[PDB]
Amino acid sequence: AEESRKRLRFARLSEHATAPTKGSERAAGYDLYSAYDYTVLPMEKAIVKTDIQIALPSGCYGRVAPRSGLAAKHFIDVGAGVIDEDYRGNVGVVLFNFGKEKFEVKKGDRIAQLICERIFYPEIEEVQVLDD
Amino acid sequence: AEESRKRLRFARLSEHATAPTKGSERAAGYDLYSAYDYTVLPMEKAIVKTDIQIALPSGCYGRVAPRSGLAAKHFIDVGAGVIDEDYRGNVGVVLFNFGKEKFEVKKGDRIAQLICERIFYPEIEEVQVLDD
Amino acid sequence: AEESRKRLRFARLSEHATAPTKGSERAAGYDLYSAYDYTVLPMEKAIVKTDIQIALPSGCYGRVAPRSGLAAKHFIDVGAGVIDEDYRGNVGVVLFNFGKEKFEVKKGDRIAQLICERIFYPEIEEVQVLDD
């Protein structure tokens, strides 16, 4: 409904899904968890299934951003793999091992953050001096 | 009170400044323009001045994202160098040359995008099935 | 001399220098150690002094390559900061924090690898089928 339209809504697609939770950190957005173990060998792609479906809150242009210690920590690209406001598929996170050692994902690991960008950018107004 | 806070407000700090404009592309946010010429030799950091001050719209956690063929074409890191909504400083964009050829910035070049992330992430609601 | 010309030669510029040692890993080259503590705040450059001078072995086009868990592990660019066969300065390693948390270097930390590329690339020969 129009009040739950303001909220992040999700449904579980299996017993293995972890509820997205709000991250602690400033601008963390929502934490995404793997539902499965994966071994991502060097120079290989991988689609990490969360086994959740999600309806983004209103105002939200959804972007999958790296865990943090992940884009860095194990030499892994994490696809922005942007999310439509009407995408109801199993939410997957694309990982590419660009490193020389295999990367390990376990069931229940935090794999990414779901960030919200603005849908509509307001028009620009010029002034002479900015009054705080 | 806050009647103009809807909008991106800016002021010029010199005649060399270009008005931020809304970018064309989906999720481009606002175009940021260099007010000066810069030569950025390999292994060097540079702080590119826009000679504008900015007050972000309501709801906006401001992030400096690269121009698409910038972090790409000329091997340039662009620090998220996020913008506080109490920051009336000259908006600078941090560049680092990580390539073996120098990167050339001219006065009036587009050097970055100003992206808006959500300020407050609504809490999560579980349902059994979304699409119905 | 012409026999030590084949070796990696180094001299200490201070009591704080750690002798380059051959790395364990395949294609590790030579380990480089910081002689000092550094705090590299987000979006900042840093030149990490080894307090050694080095004469590369003959055949060797010297390249500074990341520690490994460094280019990745703490979101740090490590400049190729290539080394001339007649560069006798204090060997420094350029780090750029492109992450959101400060990176910490302690005296004696491994900061990079010194890799040797080939000086002269042999001409190409075509055959019909490659006999191992």
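Within each chain the first residue of the written sequence is number 1 and the count goes on from 1 in that order, possibly differing from the entry; residues lacking coordinates are omitted. Note on labels: chains are lettered from A, ligands numbered from 1, in written order. Calculated side-chain values reflect all of the structure's heavy atoms, with hydrogen atoms and water omitted. Residues with missing side-chain atoms are left out of burial classes, side-chain pairs and their counts.

Its PDB record attributes the structure to X-ray crystallography, giving the resolution as 2.0400 Å.

> Describe the interface of chain B and chain A, and please don't skip the residues or the numbers.
Size of an interface: often given as the accessible area lost when the parts come together. Listed per partner, the contact involves 44 residues of chain B and 44 residues of chain A. Buried area: the accessible surface (1.4 Å probe) lost by two parts on joining, summed over both. Surface buried jointly by chain B and chain A totals about 4000 Å² across both partners, of which 53% is contributed by carbon and sulfur atoms. Whenever a carboxyl oxygen of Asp or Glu lies within 4 Å of a side-chain nitrogen of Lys or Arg, that contact is scored as a salt bridge. Where chain B meets chain A, there are seven salt bridges. For the purposes of these results, a polar contact is taken to be a pair of N or O atoms within 3.5 Å, where, inside protein, one atom must be able to donate a hydrogen and its partner to accept one; residues adjacent in sequence count only when each atom of the pair is a side-chain atom. For the pair chain B and chain A, the interface holds 26 residue pairs in polar contact. Segments assigned H or I by DSSP are reported as helices when at least four residues long, segments assigned E as strands when at least two residues long, and all are numbered from the N terminus. Elements with a minimum of two residues in the side of chain B that touches chain A: β1 (8-12), β2 (21-22), β6 (52-55), β7 (60-66), β11 (110-118) and β12 (124-126) of chain B. In terms of residue class, the side of chain B that touches chain A is made up of 22 nonpolar, seven polar and 15 charged. Contacts are residue-level and defined by heavy atoms, with any inter-residue pair within 4.5 Å sufficient. Each residue receives one of three labels: charged for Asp, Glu, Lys and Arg, nonpolar for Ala, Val, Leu, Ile, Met, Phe, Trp, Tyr, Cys and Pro, and polar for the others, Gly being one of them.

> I'd like to hear about the packing of aromatic side chains, residue by residue, with values.
All names here are of chain A. Pairing of aromatic side chains here covers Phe, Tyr and the six-membered ring of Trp, requires ring centres within 6.5 Å, and sorts the geometry by plane angle: under 30 degrees stacked, over 60 edge-to-face, intermediate tilted. Within the structure shown, the criterion is met by six aromatic pairs over all chains. Between the aromatic rings of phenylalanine 75 and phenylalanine 98, the centroid separation amounts to 5.4 Å while the plane-to-plane angle is 70°, which identifies the pairing as edge-to-face. Taken as a pair, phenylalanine 75 in the loop between β7 (60-66) and β8 (76-78) and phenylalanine 98 in the loop between β9 (92-97) and β10 (103-105) lie far apart in primary sequence, 23 residues in all. Ring-over charges, as used throughout, are those where CZ of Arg or NZ of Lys falls within 6 Å of the ring centre and within 35 degrees of the ring normal. Sitting over the ring of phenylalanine 75, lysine 100 keeps its end group 3.7 Å from the ring centre.

> Requested: an account of a nonpolar patch on the surface, with residues and values cited.
All names here are of chain C. Together, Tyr61, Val82, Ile119 and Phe120 give the surface a local cluster of nonpolar side chains, amounting to about 410 Å² of exposed area. Among the secondary structure elements, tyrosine 61 is positioned in strand β7 (residues 60-66). Think of it in three bands: residues with accessible area under 20% of the maximum for their type are buried, residues over 50% are exposed, and the middle band is partly exposed, with areas taken using a 1.4 Å probe on protein chains only. The exposure class assigned to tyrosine 61 is partly exposed, which follows from its relative accessible area of 36%. Each patch is assembled from residues with relative accessible area greater than 30% and no salt bridge, linking like charges that lie within 9 Å and nonpolar side chains (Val, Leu, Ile, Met, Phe, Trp, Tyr) that lie within 5 Å. Note that accessible areas follow from Shrake-Rupley with a 1.4 Å probe, and for residues the cover is restricted to the protein chains shown.

> Describe unusual backbone geometry, listing the residues and the values that go with them.
Here B:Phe75, not a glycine, exhibits a phi torsion of approximately 50°, which is positive. Accessibility expressed as a relative area gives 48% for B:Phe75, which makes it partly exposed. Of note, C:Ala27 is a non-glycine position whose phi angle comes to about 60°, a positive value. The residue C:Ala27 is located in the loop between β2 (21-22) and β3 (30-33) in this model. By relative accessible area, which is 72% here, C:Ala27 ends up exposed.

> Which residues make up the pattern of salt bridges, and what values go with them?
Within the structure shown, the criterion is met by 21 salt bridges over all chains. Among the ionic pairs, B:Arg63 bridges to A:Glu117, the shortest N-O distance being 3.8 Å. In this pair, B:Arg63 is assigned in strand β7 and A:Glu117 in strand β11 (residues 110-118), connecting two distinct chains. You'll find B:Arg63 and A:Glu117 in the same group, each marked buried. B:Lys106 serves as the salt-bridge partner of B:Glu104, at 3.9 Å between the closest nitrogen and oxygen. The network of salt bridges with common partners includes A:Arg63, A:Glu117, B:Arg63 and B:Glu117.

> Tell me what's going on with the relation of the copies chain A and chain C, and back it up with residues and numbers.
Rotating chain A by 180° and moving it 0.0 Å along the rotation axis overlays it on chain C with an RMSD of 0.0 Å. Taken together, these values place the two copies in the relation of a two-fold axis. When you check the interface residues of chain A against chain C, 100% turn up at the interface there too, and the contact is symmetric in its surfaces. Copies overlaid by least squares; the fit is on C-alpha atoms.

> Go over the state of the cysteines, please, and point to the residues and values.
Residues and elements named next belong to chain B. Put simply, a disulfide is two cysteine sulfurs that come within 2.5 Å. Taken as a whole and judged by the stated rule, the model has three disulfides over all chains. Across the disulfide, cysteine 60 is cross-linked to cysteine 116 (sulfur-sulfur distance 2.1 Å). With the S-S dihedral at roughly -85°, the linkage between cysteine 60 and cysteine 116 falls on the left-handed side. With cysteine 60 in strand β7 and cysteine 116 in strand β11, the pair connects residues that are 56 residues apart, well separated along the chain. Neither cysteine 60 nor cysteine 116 differs from the other in exposure class; each is buried.

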